[PDB]
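These notes are about the structure you will find just below.
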Amino acid sequence: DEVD
Amino acid sequence: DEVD
Amino acid sequence: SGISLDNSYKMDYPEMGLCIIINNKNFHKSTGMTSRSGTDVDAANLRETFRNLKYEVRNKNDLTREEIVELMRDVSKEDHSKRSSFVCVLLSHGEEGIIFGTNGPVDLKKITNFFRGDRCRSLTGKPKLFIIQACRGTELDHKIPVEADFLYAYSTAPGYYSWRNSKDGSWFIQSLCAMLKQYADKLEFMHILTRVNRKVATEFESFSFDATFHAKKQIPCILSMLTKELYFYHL
Amino acid sequence: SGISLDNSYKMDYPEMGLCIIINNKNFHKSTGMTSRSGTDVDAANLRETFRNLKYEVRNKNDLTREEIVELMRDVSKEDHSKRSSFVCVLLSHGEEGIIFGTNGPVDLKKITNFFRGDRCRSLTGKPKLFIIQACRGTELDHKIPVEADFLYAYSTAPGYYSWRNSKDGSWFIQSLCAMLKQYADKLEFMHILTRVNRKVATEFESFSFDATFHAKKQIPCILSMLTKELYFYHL
Ligand code: NA
Ligand code: NA
């Protein structure tokens, strides 16, 4: 999971 | 007619 | 029992819920804000419309910014466990993200934060509807997320003025009440609000002796974080 | 003929319309922006999903801010007279109101302004859908108006990060494509997007070794200036  |  | 579906909010609690109407017409002279002629027509129309939907309506007039925040805090600390939903209508001056109390501005986020899923537990999972008649600028045309289950029915697109007729009330609230009266027993709320968008966009155009403000149009806008369909009736 | 109703957009033009997918994965080193692992999964899913809805899909990869603006300008000057609608999907980094080209930001308003009812006359009165997978900040959880007939399907609430899984794609686009595949032949588009809101809000939660970013949730949000119901099928 990563944020944009 | 009027604006808020 | 048989197969069950869960795509619509449960609206058969003992109570539909509160409808808080904040109607700011007259502003403190030091703010320089004009009186909002026609807003009493709006507030009366909303009170009758939401009464017929079986909401417990509370009308508040000419609240300061401090009174607005205290009112919303207090309402968010009530026990809503027997209520299906919550409705707040704001009628005032505004700018993008801001509603005016009689003596100065209130961030809309400050108001709505009181009803976050983690801060109003008896409304968690229930629809929280904020209906905003106010300008948004000066252009002329960990189980559930804490921001889930909010709907913002804005009178106008981001960045734009919003129009109010001094005799008939605001274009948006006039149209919203007409469409709720006609369709609340038939259509899902997003479809009702789409008909409001069309009515405002097609049936109104400003008239002014000032060329800057003459022959202007308006489109409202629906901001939905809802997770289910919303029908004001139930089987 | 018999009684006729007009509450839904006409979607039986010869063509459904264009679906432009801008897929920005790799950014110029000087910007300091990370590569968006998983975005190719999103772009492939969208291409297949909108192909099956009979859109003419054009995929663009790794566009500069200048290329994004030129692409949108050029598309808005095409003749859309035979097309029912227009769809643009933006996959990138972002902030509130902003999408990133590979070398710097573009205002979302600059992109959407090309398609205003007064600036793209062959799309006037037709639905213009902008689907935006990008962060919106750093919080963790004169006949028709020129802004009418736009729908913005945002991956996340205003002010918030948006989540992307490096293996599975973004939470929002995964969910959007699943719900379109399942319901496009049955439900109105706002109801499809409400099911996307519920799927994102209920089925995803972040996992991180960093306590600041662990166990976080997301709610998308629908911004509708539509004036009619939108069904991807027709009778
Ligand atoms: Na109005
Ligand atoms: Na996402």
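No lab work stands behind these numbers, since they all come straight from the coordinates. Positions of Cβ are backbone-derived with ideal geometry, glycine not excepted, and every protein chain shown enters the neighbour counts.
List every residue whose amide H lies under 5 Å from the amide H of D:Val57, counting only residues 5 or more places away in sequence or on a different chain, with H placed 1.01 Å from N in the peptide plane.
Correct list: D:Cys19.
Among the trypsin sites (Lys or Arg not before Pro) within the stretch C:149-197, which fall in a DSSP loop and have no more than 14 other Cβ atoms within 10 Å of their own Cβ?
Counting only loop positions with at most 14 other Cβ atoms within 10 Å, the trypsin sites (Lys or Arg not before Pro) in the stretch C:149-197 are C:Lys167, C:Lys186.
Between C:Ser166 and the same site in the other copies, what are the distances in nm, shortest first, taking label points 7 Å from Cα along the C-beta direction?
6.4
Sort D:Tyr161, D:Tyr233 so that the residue with the fewest other Cβ atoms within 10 Å of its own Cβ comes first and the one with the most comes last.
So the residues, fewest neighbours to most, are D:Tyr233, D:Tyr161.
Within a 10 angstrom radius of the beta carbon, how do C:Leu140, C:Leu91, C:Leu151, D:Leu18 rank from fewest other beta carbons to most?
Listed from fewest to most nearby Cβ atoms, that is C:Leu140, D:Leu18, C:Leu151, C:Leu91.
Would you mind listing the distances between the D:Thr31 label point and the same position in each other copy? Use 7 Å along Cα-to-C-beta, nm, one decimal, shortest first.
4.2
Going by a ≥ b ≥ c, the root eigenvalues of the Cα gyration tensor, does the protein assembly as shown fall in the rounded group (a/c under 1.5), the prolate group (a/b larger than b/c) or the oblate group?
rounded
Over the whole of C:190-202, what's the average partner chain Cβ count within 10 Å per residue? Rounded to a whole number, please.
5
In whole Å, what is the distance between the alpha-carbon centres of the stretch D:157-235 and the stretch C:40-119?
Distance between centres, Cα-based: 28 Å.
Assign one of three labels to the stretch C:77-193, namely rounded, prolate or oblate, based on the Cα gyration tensor with a ≥ b ≥ c the square roots of its eigenvalues; rounded applies when a/c is under 1.5, prolate when it is not and a/b is larger than b/c, and oblate otherwise.
oblate
How much net charge surrounds D:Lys10 when only other residues with a Cβ under 13 Å from its Cβ are counted (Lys, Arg +1; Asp, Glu -1)?
-1
From the label point of C:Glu15, set 7 Å from Cα along Cα→Cβ, how far away are the matching label points in the other copies, in nm, ordered shortest to longest?
Label-point separations across copies, in nm and ascending: 5.6.
Sort all Cα-Cα distances of chain D into consecutive 10 angstrom bins from zero, then give the percent of pairs in each bin up to the one containing the longest distance.
Final binned percentages: 8, 33, 37, 17, 4, 1, 0.
Once every DSSP H run of n ≥ 4 in chain D is given -39500 (n - 2.57) and the sum is divided by its residues, what mean residue ellipticity at 222 nm do you get, rounded to the nearest 500 deg cm²/dmol?
Helices in chain D give a 222 nm mean residue ellipticity of -8000 deg cm²/dmol.
Using a 10 Å cut-off around each Cβ of peptide C:157-169, what is the average number of partner chain Cβ atoms that fall inside?
Counting other chains' Cβ atoms within 10 Å and averaging over C:157-169 gives 3.
For a test of the definition: using alpha carbon positions, the gyration tensor, and the 1.5 limit on a/c, classify the stretch D:142-235 as rounded, prolate or oblate.
oblate
What length, rounded to one decimal in nm, is gained on full extension from D:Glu15 through to D:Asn61, with 0.36 nm per residue of separation minus their alpha-carbon distance?
Additional length available on full extension: 14.1 nm.
Just list whichever of D:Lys82/D:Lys143; C:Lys186/D:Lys216; C:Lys126/D:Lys217; C:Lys54/C:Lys143; C:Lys126/D:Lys228; C:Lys82/C:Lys109 have alpha carbons separated by over 29 Å in the model shown.
Over 29 Å apart, Cα to Cα: C:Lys186/D:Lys216; C:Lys54/C:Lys143.
As an exercise, use a Förster radius of 51 Å and the Cβ-Cβ distance of C:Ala215 and D:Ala178 to find the FRET efficiency, rounded to the nearest 0.05.
After rounding to 0.05, the efficiency reads 0.65.
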